[PDB]
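Visitor: Here you go, model.cif (mmCIF, C-alpha atoms; chains and numbers go by the auth columns):
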```
data_query
loop_
_atom_site.group_PDB
_atom_site.id
_atom_site.type_symbol
_atom_site.label_atom_id
_atom_site.label_comp_id
_atom_site.label_asym_id
_atom_site.label_seq_id
_atom_site.Cartn_x
_atom_site.Cartn_y
_atom_site.Cartn_z
_atom_site.B_iso_or_equiv
_atom_site.auth_seq_id
_atom_site.auth_asym_id
ATOM 1 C CA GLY A 1 2.711 -12.742 -46.374 0.00 299 A
ATOM 2 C CA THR A 2 0.278 -10.170 -47.594 0.00 300 A
ATOM 3 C CA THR A 3 -2.860 -12.144 -46.676 0.00 301 A
ATOM 4 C CA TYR A 4 -3.430 -14.382 -43.665 0.00 302 A
ATOM 5 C CA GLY A 5 -5.830 -17.303 -43.660 0.00 303 A
ATOM 6 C CA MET A 6 -8.432 -18.161 -41.073 0.00 304 A
ATOM 7 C CA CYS A 7 -7.110 -19.909 -37.971 0.00 305 A
ATOM 8 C CA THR A 8 -7.255 -23.680 -38.419 0.00 306 A
ATOM 9 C CA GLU A 9 -7.139 -25.003 -34.838 0.00 307 A
ATOM 10 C CA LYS A 10 -9.665 -25.091 -31.993 0.00 308 A
ATOM 11 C CA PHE A 11 -10.410 -22.214 -29.617 0.00 309 A
ATOM 12 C CA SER A 12 -11.345 -22.638 -25.970 0.00 310 A
ATOM 13 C CA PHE A 13 -13.545 -20.632 -23.610 0.00 311 A
ATOM 14 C CA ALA A 14 -11.615 -18.787 -20.916 0.00 312 A
ATOM 15 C CA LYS A 15 -14.791 -17.364 -19.316 0.00 313 A
ATOM 16 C CA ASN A 16 -18.504 -17.488 -19.921 0.00 314 A
ATOM 17 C CA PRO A 17 -19.679 -14.824 -22.387 0.00 315 A
ATOM 18 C CA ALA A 18 -20.782 -11.740 -20.448 0.00 316 A
ATOM 19 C CA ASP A 19 -23.348 -9.001 -21.127 0.00 317 A
ATOM 20 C CA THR A 20 -21.809 -5.522 -21.421 0.00 318 A
ATOM 21 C CA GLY A 21 -24.927 -3.500 -20.572 0.00 319 A
ATOM 22 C CA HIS A 22 -24.687 -1.941 -24.052 0.00 320 A
ATOM 23 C CA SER A 23 -26.757 -4.569 -25.933 0.00 321 A
ATOM 24 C CA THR A 24 -23.440 -6.393 -26.654 0.00 322 A
ATOM 25 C CA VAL A 25 -21.570 -9.441 -25.304 0.00 323 A
ATOM 26 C CA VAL A 26 -17.843 -9.848 -24.549 0.00 324 A
ATOM 27 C CA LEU A 27 -16.094 -13.195 -24.857 0.00 325 A
ATOM 28 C CA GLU A 28 -12.597 -14.064 -23.631 0.00 326 A
ATOM 29 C CA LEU A 29 -10.966 -17.035 -25.391 0.00 327 A
ATOM 30 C CA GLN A 30 -7.650 -18.807 -25.852 0.00 328 A
ATOM 31 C CA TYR A 31 -6.338 -20.108 -29.203 0.00 329 A
ATOM 32 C CA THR A 32 -4.848 -23.615 -28.977 0.00 330 A
ATOM 33 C CA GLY A 33 -2.885 -23.264 -32.221 0.00 331 A
ATOM 34 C CA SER A 34 0.508 -21.855 -33.063 0.00 332 A
ATOM 35 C CA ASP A 35 -0.235 -21.031 -36.744 0.00 333 A
ATOM 36 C CA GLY A 36 -0.757 -17.340 -35.938 0.00 334 A
ATOM 37 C CA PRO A 37 -1.063 -14.687 -37.201 0.00 335 A
ATOM 38 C CA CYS A 38 -4.441 -15.788 -38.485 0.00 336 A
ATOM 39 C CA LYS A 39 -8.003 -14.489 -38.713 0.00 337 A
ATOM 40 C CA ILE A 40 -10.489 -15.630 -36.064 0.00 338 A
ATOM 41 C CA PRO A 41 -13.545 -17.508 -37.460 0.00 339 A
ATOM 42 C CA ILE A 42 -16.201 -16.045 -35.113 0.00 340 A
ATOM 43 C CA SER A 43 -19.837 -15.035 -35.737 0.00 341 A
ATOM 44 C CA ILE A 44 -23.357 -14.976 -34.276 0.00 342 A
ATOM 45 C CA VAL A 45 -25.888 -17.123 -36.156 0.00 343 A
ATOM 46 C CA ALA A 46 -29.606 -17.878 -35.881 0.00 344 A
ATOM 47 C CA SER A 47 -29.139 -21.655 -35.621 0.00 345 A
ATOM 48 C CA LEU A 48 -26.530 -24.343 -36.096 0.00 346 A
ATOM 49 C CA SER A 49 -28.111 -25.268 -39.468 0.00 347 A
ATOM 50 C CA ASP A 50 -28.027 -21.718 -40.924 0.00 348 A
ATOM 51 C CA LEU A 51 -24.623 -20.162 -40.249 0.00 349 A
ATOM 52 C CA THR A 52 -25.428 -16.808 -41.925 0.00 350 A
ATOM 53 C CA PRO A 53 -23.753 -14.160 -39.719 0.00 351 A
ATOM 54 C CA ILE A 54 -26.489 -11.998 -38.206 0.00 352 A
ATOM 55 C CA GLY A 55 -24.591 -10.425 -35.314 0.00 353 A
ATOM 56 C CA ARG A 56 -22.819 -7.117 -35.799 0.00 354 A
ATOM 57 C CA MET A 57 -19.121 -7.469 -34.980 0.00 355 A
ATOM 58 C CA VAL A 58 -18.052 -4.742 -32.546 0.00 356 A
ATOM 59 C CA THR A 59 -14.478 -6.075 -32.559 0.00 357 A
ATOM 60 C CA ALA A 60 -14.619 -6.518 -36.320 0.00 358 A
ATOM 61 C CA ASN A 61 -12.130 -8.712 -38.224 0.00 359 A
ATOM 62 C CA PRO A 62 -10.189 -9.838 -35.138 0.00 360 A
ATOM 63 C CA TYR A 63 -6.861 -11.677 -35.429 0.00 361 A
ATOM 64 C CA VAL A 64 -4.714 -14.006 -33.413 0.00 362 A
ATOM 65 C CA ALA A 65 -1.399 -12.152 -33.458 0.00 363 A
ATOM 66 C CA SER A 66 0.817 -14.587 -31.505 0.00 364 A
ATOM 67 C CA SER A 67 2.715 -17.620 -32.783 0.00 365 A
ATOM 68 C CA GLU A 68 2.694 -19.161 -29.285 0.00 366 A
ATOM 69 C CA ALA A 69 0.078 -21.715 -28.318 0.00 367 A
ATOM 70 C CA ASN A 70 -2.850 -20.769 -26.053 0.00 368 A
ATOM 71 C CA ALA A 71 -2.637 -16.989 -26.400 0.00 369 A
ATOM 72 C CA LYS A 72 -5.536 -14.922 -25.049 0.00 370 A
ATOM 73 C CA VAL A 73 -8.097 -13.264 -27.347 0.00 371 A
ATOM 74 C CA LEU A 74 -11.075 -10.904 -26.706 0.00 372 A
ATOM 75 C CA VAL A 75 -14.085 -10.327 -29.006 0.00 373 A
ATOM 76 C CA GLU A 76 -17.258 -8.227 -28.570 0.00 374 A
ATOM 77 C CA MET A 77 -20.430 -8.739 -30.601 0.00 375 A
ATOM 78 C CA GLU A 78 -24.062 -7.572 -30.876 0.00 376 A
ATOM 79 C CA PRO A 79 -26.494 -10.515 -30.734 0.00 377 A
ATOM 80 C CA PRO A 80 -30.033 -10.093 -32.037 0.00 378 A
ATOM 81 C CA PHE A 81 -32.763 -9.919 -29.453 0.00 379 A
ATOM 82 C CA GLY A 82 -34.045 -13.370 -28.672 0.00 380 A
ATOM 83 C CA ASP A 83 -32.187 -16.610 -29.332 0.00 381 A
ATOM 84 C CA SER A 84 -28.892 -17.065 -31.195 0.00 382 A
ATOM 85 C CA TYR A 85 -25.636 -19.061 -31.093 0.00 383 A
ATOM 86 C CA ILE A 86 -22.108 -17.698 -30.694 0.00 384 A
ATOM 87 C CA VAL A 87 -19.900 -19.856 -32.931 0.00 385 A
ATOM 88 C CA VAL A 88 -16.068 -19.991 -33.061 0.00 386 A
ATOM 89 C CA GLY A 89 -14.197 -22.210 -35.495 0.00 387 A
ATOM 90 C CA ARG A 90 -15.568 -24.487 -38.168 0.00 388 A
ATOM 91 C CA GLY A 91 -16.427 -28.106 -38.738 0.00 389 A
ATOM 92 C CA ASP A 92 -15.224 -30.448 -36.015 0.00 390 A
ATOM 93 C CA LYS A 93 -13.190 -27.616 -34.455 0.00 391 A
ATOM 94 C CA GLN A 94 -16.390 -25.628 -33.788 0.00 392 A
ATOM 95 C CA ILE A 95 -17.345 -24.443 -30.311 0.00 393 A
ATOM 96 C CA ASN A 96 -20.765 -22.959 -29.724 0.00 394 A
ATOM 97 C CA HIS A 97 -22.515 -21.068 -26.939 0.00 395 A
ATOM 98 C CA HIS A 98 -26.287 -20.636 -27.078 0.00 396 A
ATOM 99 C CA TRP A 99 -27.309 -17.070 -26.170 0.00 397 A
ATOM 100 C CA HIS A 100 -30.599 -15.385 -25.230 0.00 398 A
ATOM 101 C CA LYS A 101 -30.832 -11.574 -25.251 0.00 399 A
ATOM 102 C CA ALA A 102 -33.633 -9.717 -23.477 0.00 400 A
ATOM 103 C CA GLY A 103 -34.554 -6.218 -22.306 0.00 401 A
ATOM 104 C CA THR B 1 -18.492 -5.340 -16.607 0.00 300 B
ATOM 105 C CA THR B 2 -16.625 -2.909 -18.853 0.00 301 B
ATOM 106 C CA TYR B 3 -12.943 -2.593 -19.715 0.00 302 B
ATOM 107 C CA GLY B 4 -11.297 0.817 -19.974 0.00 303 B
ATOM 108 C CA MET B 5 -8.774 2.245 -22.415 0.00 304 B
ATOM 109 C CA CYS B 6 -5.156 1.085 -22.241 0.00 305 B
ATOM 110 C CA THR B 7 -3.153 3.733 -20.394 0.00 306 B
ATOM 111 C CA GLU B 8 0.426 2.668 -21.123 0.00 307 B
ATOM 112 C CA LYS B 9 2.691 3.015 -24.163 0.00 308 B
ATOM 113 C CA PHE B 10 2.530 0.912 -27.330 0.00 309 B
ATOM 114 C CA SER B 11 5.223 0.475 -29.943 0.00 310 B
ATOM 115 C CA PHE B 12 5.171 -0.186 -33.672 0.00 311 B
ATOM 116 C CA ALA B 13 6.932 -3.536 -34.236 0.00 312 B
ATOM 117 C CA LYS B 14 7.479 -3.491 -38.017 0.00 313 B
ATOM 118 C CA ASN B 15 6.398 -1.303 -40.918 0.00 314 B
ATOM 119 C CA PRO B 16 2.691 -1.315 -41.759 0.00 315 B
ATOM 120 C CA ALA B 17 2.284 -3.698 -44.686 0.00 316 B
ATOM 121 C CA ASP B 18 0.050 -3.407 -47.763 0.00 317 B
ATOM 122 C CA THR B 19 -2.101 -6.559 -47.935 0.00 318 B
ATOM 123 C CA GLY B 20 -2.732 -6.110 -51.664 0.00 319 B
ATOM 124 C CA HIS B 21 -6.479 -5.690 -51.256 0.00 320 B
ATOM 125 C CA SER B 22 -6.477 -1.982 -50.389 0.00 321 B
ATOM 126 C CA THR B 23 -5.745 -2.413 -46.675 0.00 322 B
ATOM 127 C CA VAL B 24 -2.718 -2.252 -44.397 0.00 323 B
ATOM 128 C CA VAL B 25 -1.750 -4.538 -41.479 0.00 324 B
ATOM 129 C CA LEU B 26 0.219 -3.245 -38.471 0.00 325 B
ATOM 130 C CA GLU B 27 1.788 -5.332 -35.697 0.00 326 B
ATOM 131 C CA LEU B 28 2.039 -3.658 -32.275 0.00 327 B
ATOM 132 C CA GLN B 29 3.287 -4.703 -28.848 0.00 328 B
ATOM 133 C CA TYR B 30 1.777 -3.325 -25.625 0.00 329 B
ATOM 134 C CA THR B 31 4.051 -2.277 -22.769 0.00 330 B
ATOM 135 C CA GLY B 32 1.359 -2.250 -20.052 0.00 331 B
ATOM 136 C CA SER B 33 -0.021 -4.881 -17.684 0.00 332 B
ATOM 137 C CA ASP B 34 -3.431 -3.267 -17.133 0.00 333 B
ATOM 138 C CA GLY B 35 -5.022 -5.574 -19.723 0.00 334 B
ATOM 139 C CA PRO B 36 -7.619 -6.417 -20.771 0.00 335 B
ATOM 140 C CA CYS B 37 -8.083 -2.880 -22.081 0.00 336 B
ATOM 141 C CA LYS B 38 -9.261 -1.046 -25.201 0.00 337 B
ATOM 142 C CA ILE B 39 -6.590 0.078 -27.675 0.00 338 B
ATOM 143 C CA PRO B 40 -6.553 3.832 -28.388 0.00 339 B
ATOM 144 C CA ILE B 41 -5.914 3.674 -32.149 0.00 340 B
ATOM 145 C CA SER B 42 -7.216 5.695 -35.092 0.00 341 B
ATOM 146 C CA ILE B 43 -6.216 7.096 -38.497 0.00 342 B
ATOM 147 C CA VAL B 44 -5.990 10.899 -38.688 0.00 343 B
ATOM 148 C CA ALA B 45 -5.417 13.471 -41.418 0.00 344 B
ATOM 149 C CA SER B 46 -2.718 15.310 -39.442 0.00 345 B
ATOM 150 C CA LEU B 47 -1.366 15.384 -35.900 0.00 346 B
ATOM 151 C CA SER B 48 -3.110 18.751 -35.330 0.00 347 B
ATOM 152 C CA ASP B 49 -6.575 17.382 -36.262 0.00 348 B
ATOM 153 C CA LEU B 50 -7.193 14.026 -34.581 0.00 349 B
ATOM 154 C CA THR B 51 -10.632 13.499 -36.162 0.00 350 B
ATOM 155 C CA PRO B 52 -10.831 9.776 -37.067 0.00 351 B
ATOM 156 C CA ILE B 53 -10.917 9.227 -40.826 0.00 352 B
ATOM 157 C CA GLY B 54 -10.350 6.288 -43.169 0.00 353 B
ATOM 158 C CA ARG B 55 -11.598 3.001 -41.772 0.00 354 B
ATOM 159 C CA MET B 56 -10.461 0.638 -39.029 0.00 355 B
ATOM 160 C CA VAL B 57 -10.893 -2.861 -40.482 0.00 356 B
ATOM 161 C CA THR B 58 -9.952 -4.398 -37.122 0.00 357 B
ATOM 162 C CA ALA B 59 -12.374 -2.131 -35.290 0.00 358 B
ATOM 163 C CA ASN B 60 -12.330 -1.586 -31.520 0.00 359 B
ATOM 164 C CA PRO B 61 -9.385 -3.935 -30.837 0.00 360 B
ATOM 165 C CA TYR B 62 -8.500 -4.911 -27.267 0.00 361 B
ATOM 166 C CA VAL B 63 -5.383 -6.068 -25.523 0.00 362 B
ATOM 167 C CA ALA B 64 -6.612 -9.387 -24.115 0.00 363 B
ATOM 168 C CA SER B 65 -3.679 -10.430 -21.910 0.00 364 B
ATOM 169 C CA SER B 66 -2.525 -9.188 -18.507 0.00 365 B
ATOM 170 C CA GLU B 67 1.198 -9.705 -19.132 0.00 366 B
ATOM 171 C CA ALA B 68 3.511 -7.046 -20.509 0.00 367 B
ATOM 172 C CA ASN B 69 4.740 -7.078 -24.138 0.00 368 B
ATOM 173 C CA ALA B 70 1.677 -8.826 -25.615 0.00 369 B
ATOM 174 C CA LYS B 71 1.363 -8.808 -29.423 0.00 370 B
ATOM 175 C CA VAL B 72 -1.590 -7.286 -31.309 0.00 371 B
ATOM 176 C CA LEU B 73 -2.403 -7.139 -35.031 0.00 372 B
ATOM 177 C CA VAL B 74 -4.583 -4.390 -36.519 0.00 373 B
ATOM 178 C CA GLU B 75 -5.832 -3.936 -40.109 0.00 374 B
ATOM 179 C CA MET B 76 -6.727 -0.513 -41.530 0.00 375 B
ATOM 180 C CA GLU B 77 -7.886 1.245 -44.698 0.00 376 B
ATOM 181 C CA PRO B 78 -6.071 4.598 -44.740 0.00 377 B
ATOM 182 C CA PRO B 79 -7.277 7.323 -47.109 0.00 378 B
ATOM 183 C CA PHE B 80 -5.455 8.233 -50.295 0.00 379 B
ATOM 184 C CA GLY B 81 -2.688 10.772 -49.710 0.00 380 B
ATOM 185 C CA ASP B 82 -1.077 11.478 -46.302 0.00 381 B
ATOM 186 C CA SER B 83 -2.393 10.125 -43.012 0.00 382 B
ATOM 187 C CA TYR B 84 -1.034 9.148 -39.580 0.00 383 B
ATOM 188 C CA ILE B 85 -1.712 5.964 -37.612 0.00 384 B
ATOM 189 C CA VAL B 86 -1.927 7.213 -34.012 0.00 385 B
ATOM 190 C CA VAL B 87 -1.747 4.942 -30.937 0.00 386 B
ATOM 191 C CA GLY B 88 -1.968 6.470 -27.469 0.00 387 B
ATOM 192 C CA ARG B 89 -2.307 10.035 -26.252 0.00 388 B
ATOM 193 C CA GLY B 90 -0.274 12.846 -24.753 0.00 389 B
ATOM 194 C CA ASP B 91 3.085 11.660 -23.462 0.00 390 B
ATOM 195 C CA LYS B 92 2.537 8.054 -24.588 0.00 391 B
ATOM 196 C CA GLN B 93 1.381 8.876 -28.131 0.00 392 B
ATOM 197 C CA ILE B 94 3.191 7.138 -30.990 0.00 393 B
ATOM 198 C CA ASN B 95 2.387 7.744 -34.628 0.00 394 B
ATOM 199 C CA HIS B 96 3.296 6.357 -38.033 0.00 395 B
ATOM 200 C CA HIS B 97 3.048 8.479 -41.161 0.00 396 B
ATOM 201 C CA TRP B 98 1.576 6.746 -44.228 0.00 397 B
ATOM 202 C CA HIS B 99 1.211 7.843 -47.851 0.00 398 B
ATOM 203 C CA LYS B 100 -1.206 5.930 -50.100 0.00 399 B
ATOM 204 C CA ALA B 101 -1.075 6.384 -53.870 0.00 400 B
ATOM 205 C CA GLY B 102 -2.066 4.863 -57.179 0.00 401 B
#
```
Go through the file and emit its structure as structure tokens.
Guide:
Amino acid sequence: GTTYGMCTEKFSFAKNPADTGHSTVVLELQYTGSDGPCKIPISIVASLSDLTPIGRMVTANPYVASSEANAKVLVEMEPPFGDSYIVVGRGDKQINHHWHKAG
Amino acid sequence: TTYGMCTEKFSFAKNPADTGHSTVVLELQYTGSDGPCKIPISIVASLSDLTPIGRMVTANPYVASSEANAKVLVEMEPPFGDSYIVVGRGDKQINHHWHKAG
């Protein structure tokens, strides 16, 4: 109404995450839910046991805008150098993609 | 490896809406089929000075789909007083005046 919740359903990978050459990574997803508009639960974390967001969001605060199932979504983020995990969704809806960033 | 800026026309779908926590949500639809592409959107003080001001809460948004008429949602923090939400350039530019008070 005035505020939208986080999206409650699972996301799916439409492509592998891809380096942008600018120290950032682009990820193309689809949203399986139809409860949109809703806010995408996406972050970069150090490990699956410490979900503190440590990756700068280039596409900050991204939304699903559609109410139709399986709409396409694009997000860009800045992983730390070294090892991290890209995480989308929460709990048993969570998808993860381990990432290593070098020079 | 890199997506360019969207070249076609957008349209405002509804009025921008106050969220109640000092931001504004705008729903757009994109007329082009060159997606994925980067959305040319900013908040400006006037149409004669396009310096970005305020804050884009949904920063650097993309159109993700390759079909025409795809929906996008963008959240912004306009400054107090008059501003314009500007999407596109030149012939395709569309803008929405906004006044923010207290």
Visitor: Just how far from atom CA of residue 380 of chain B is atom CA of residue 361 of chain B, in Å to one decimal?
Guide: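 Answer for the atom CA of residue 361 of chain B to atom CA of residue 380 of chain B separation: 28.0 Å.
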Visitor: Determine, counting all atoms listed in the file, which protein, DNA and RNA residues have an atom within 9 Å of an atom of residue 324 of chain A; residues of the same chain fewer than 5 positions away are not included. Present the result as number ranges by chain.
Guide: A: 314-318, 372-375
Visitor: So, counting all atoms listed in the file, which residue among B:332, B:306, B:322, B:392 is closest to residue 373 of chain B?
Guide: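 For residue 373 of chain B, the nearest of the given residues is B:322.
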Visitor: Using all atoms listed in the file, determine which residues of chain B fall within 10 Å of chain A; present them as a VMD selection string.
Guide: chain B and resid 300 to 302 316 to 320 322 to 324 326 to 328 335 to 336 355 to 365 369 to 374
Visitor: In Å to one decimal, how far is atom CA of residue 347 of chain A from atom CA of residue 383 of chain A?
Guide: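 We find that atom CA of residue 383 of chain A and atom CA of residue 347 of chain A lie 10.7 Å from each other.
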Visitor: Give me the residues within 12 Å of residue 346 of chain A as a PyMOL selection string, counting only C-alpha atoms and dropping any in the same chain fewer than 3 places off.
Guide: chain A and resi 341-343+349-351+381-386+388-389+392-396
Visitor: Quick one: pull the distance between atom CA of residue 368 of chain B and atom CA of residue 398 of chain B, Å, one decimal.
Guide: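 If I compute the distance from atom CA of residue 368 of chain B to atom CA of residue 398 of chain B, I get 28.2 Å.
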Visitor: Taking only C-alpha atoms into account, name the residue in A:377, A:398, A:390, A:304 that is nearest to residue 331 of chain A.
Guide: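 Counting only C-alpha atoms, the residue closest to residue 331 of chain A is A:304.
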Visitor: Given 6 Å of margin on each side, can you work out the centre and size in Å (one decimal) of an axis-aligned box holding every listed atom of segment 376-391 of chain B, as lines of an AutoDock Vina configuration file?
Guide:
```
center_x = -2.4
center_y = 7.0
center_z = -36.9
size_x = 23.0
size_y = 23.6
size_z = 38.8
```
Visitor: Determine the residue membership of the PyMOL selection byres ((chain B and resi 377) around 12) for the file above and supply it as an mmCIF file with C-alpha atoms, in the frame of the given file.
Guide:
```
data_model
loop_
_atom_site.group_PDB
_atom_site.id
_atom_site.type_symbol
_atom_site.label_atom_id
_atom_site.label_comp_id
_atom_site.auth_asym_id
_atom_site.auth_seq_id
_atom_site.Cartn_x
_atom_site.Cartn_y
_atom_site.Cartn_z
ATOM 1 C CA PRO B 315 2.691 -1.315 -41.759
ATOM 2 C CA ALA B 316 2.284 -3.698 -44.686
ATOM 3 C CA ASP B 317 0.050 -3.407 -47.763
ATOM 4 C CA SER B 321 -6.477 -1.982 -50.389
ATOM 5 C CA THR B 322 -5.745 -2.413 -46.675
ATOM 6 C CA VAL B 323 -2.718 -2.252 -44.397
ATOM 7 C CA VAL B 324 -1.750 -4.538 -41.479
ATOM 8 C CA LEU B 325 0.219 -3.245 -38.471
ATOM 9 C CA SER B 341 -7.216 5.695 -35.092
ATOM 10 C CA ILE B 342 -6.216 7.096 -38.497
ATOM 11 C CA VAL B 343 -5.990 10.899 -38.688
ATOM 12 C CA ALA B 344 -5.417 13.471 -41.418
ATOM 13 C CA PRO B 351 -10.831 9.776 -37.067
ATOM 14 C CA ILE B 352 -10.917 9.227 -40.826
ATOM 15 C CA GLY B 353 -10.350 6.288 -43.169
ATOM 16 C CA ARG B 354 -11.598 3.001 -41.772
ATOM 17 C CA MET B 355 -10.461 0.638 -39.029
ATOM 18 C CA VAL B 356 -10.893 -2.861 -40.482
ATOM 19 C CA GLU B 374 -5.832 -3.936 -40.109
ATOM 20 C CA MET B 375 -6.727 -0.513 -41.530
ATOM 21 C CA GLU B 376 -7.886 1.245 -44.698
ATOM 22 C CA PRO B 378 -7.277 7.323 -47.109
ATOM 23 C CA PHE B 379 -5.455 8.233 -50.295
ATOM 24 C CA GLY B 380 -2.688 10.772 -49.710
ATOM 25 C CA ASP B 381 -1.077 11.478 -46.302
ATOM 26 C CA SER B 382 -2.393 10.125 -43.012
ATOM 27 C CA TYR B 383 -1.034 9.148 -39.580
ATOM 28 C CA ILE B 384 -1.712 5.964 -37.612
ATOM 29 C CA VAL B 385 -1.927 7.213 -34.012
ATOM 30 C CA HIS B 395 3.296 6.357 -38.033
ATOM 31 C CA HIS B 396 3.048 8.479 -41.161
ATOM 32 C CA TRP B 397 1.576 6.746 -44.228
ATOM 33 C CA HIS B 398 1.211 7.843 -47.851
ATOM 34 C CA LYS B 399 -1.206 5.930 -50.100
ATOM 35 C CA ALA B 400 -1.075 6.384 -53.870
#
```
Visitor: Care to translate the PyMOL selection byres ((chain B and resi 308) around 10) into actual residues of this file, as an NGL selection string?
Guide: :B and (305-307 or 309-310 or 328-331 or 386-388 or 390-393)
Visitor: Between B:303, B:313, B:367, B:394, which residue has the minimum interatomic distance to residue 338 of chain B, considering only C-alpha atoms?
Guide: B:303
Visitor: Translate the PyMOL selection byres ((chain A and resi 400) around 8) into a concrete residue list for this structure, as a list in words.
Guide: residues 379, 380, 398, 399 and 401 of chain A
Visitor: Please produce an output containing C-alpha atoms for each residue in the selection, written as an mmCIF file, in the frame of the given file.
Guide:
```cif
data_model
loop_
_atom_site.group_PDB
_atom_site.id
_atom_site.type_symbol
_atom_site.label_atom_id
_atom_site.label_comp_id
_atom_site.auth_asym_id
_atom_site.auth_seq_id
_atom_site.Cartn_x
_atom_site.Cartn_y
_atom_site.Cartn_z
ATOM 1 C CA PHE A 379 -32.763 -9.919 -29.453
ATOM 2 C CA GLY A 380 -34.045 -13.370 -28.672
ATOM 3 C CA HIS A 398 -30.599 -15.385 -25.230
ATOM 4 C CA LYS A 399 -30.832 -11.574 -25.251
ATOM 5 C CA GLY A 401 -34.554 -6.218 -22.306
#
```
